[PDB]
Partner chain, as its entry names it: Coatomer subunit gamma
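Encoded as structure tokens, the following chain is the form solved without the partner chain, with no partner shown.
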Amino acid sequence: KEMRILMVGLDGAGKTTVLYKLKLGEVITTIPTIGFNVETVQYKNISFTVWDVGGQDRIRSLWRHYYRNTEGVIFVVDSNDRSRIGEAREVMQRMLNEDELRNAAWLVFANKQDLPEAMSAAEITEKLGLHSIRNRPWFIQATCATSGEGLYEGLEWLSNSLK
């Protein structure tokens, strides 16, 4: 009936694009997210309330204001960006150790799969150290926010962890 979500990731990942592809159905032009966007999207008789936030180094320290009462998390990672996959691992291993996100479900959108140099979801699952997760449910999906592929299959998995 209701669910709260927090979309996060590094800069350039695709968070805003994913959100406004789910909410509107169209690919909008984007500006860097200094503040935050919040939007409700309905699916399977469930109303997800997604909070997209900034990924710039200066806003990554303000994510803590949103950890509270968060039932799911969506970590978006740019697959073409193979040089920052270590920074994302640091961020995610730091945010998995926070106690406010202790029960949160973990979903990972490996975005930008339409690009030729994109890296597979298994290569990302290995590079991010996702099998090391033990206190938490987790899942990884390959997406293309510009085409909508894999986006409605993530909200479908998040439904498993309802209530």
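Numbering follows the first chain given and starts at 1.
There is another form of this protein, the form deposited with the partner chain bound, and it is not shown here; the text below is about that form.
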Please run the contact check for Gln113 against the partner chain in the entry with it bound: heavy atoms, 4.5 angstroms, yes or no?
-> no
is_contact(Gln42, the partner chain) in the entry with it bound, heavy atom dist at most 4.5 Å | no
In the entry with it bound, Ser120 touching the partner chain (heavy atom, 4.5 Å) = no
Indicate whether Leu62 is a 4.5 Å heavy atom neighbour of the partner chain in the entry with it bound.
-> yes
